[PDB]
Amino acid sequence: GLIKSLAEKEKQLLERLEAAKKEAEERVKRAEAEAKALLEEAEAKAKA
Amino acid sequence: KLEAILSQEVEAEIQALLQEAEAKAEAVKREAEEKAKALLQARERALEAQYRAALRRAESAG
């Protein structure tokens, strides 16, 4: 039992959260962009 | 031990959040397919209309 266990474990718990929030937003991001580009293909196709 | 508690408060949130955001990334994408399909369903009817009208006009004209 040293304070180092929980100390240097806490500063990893924070990295695990950060990647969680990142790759949540970087996933939805893809889908929103992919929804736009799909409906452009549906306009491009539809008028032609 | 005590560091094993710490890894379990995180490991729980980081699946709750990432399961939630893979069902918004599903949901937007499901509505995006169902819209493009429907903007072409209205395009399909329109063309038909224009052809049924068109032929009747040319029959009358002649």
# chains A, B, ... in the order shown; residues from 1 in each chain; ligands from 1
$ residues_around --residues "residue 41 of chain A" --least-positions-apart "2" --cutoff "12 Å" --atoms "only C-alpha atoms" --output "NGL selection string"
(:A and (34-39 or 43-48)) or (:B and (32-33 or 35-37 or 39-40))
$ interface_residues --of "chain A" --to "chain B" --cutoff "7 Å" --atoms "only C-alpha atoms" --output "VMD selection string"
chain A and resid 5 to 6 9 13 17 20 24 27 to 28 31 to 32 35 39 42 46
$ atom_distance --atom1 "atom CA of residue 10 of chain A" --atom2 "atom CA of residue 25 of chain A"
23.4 Å
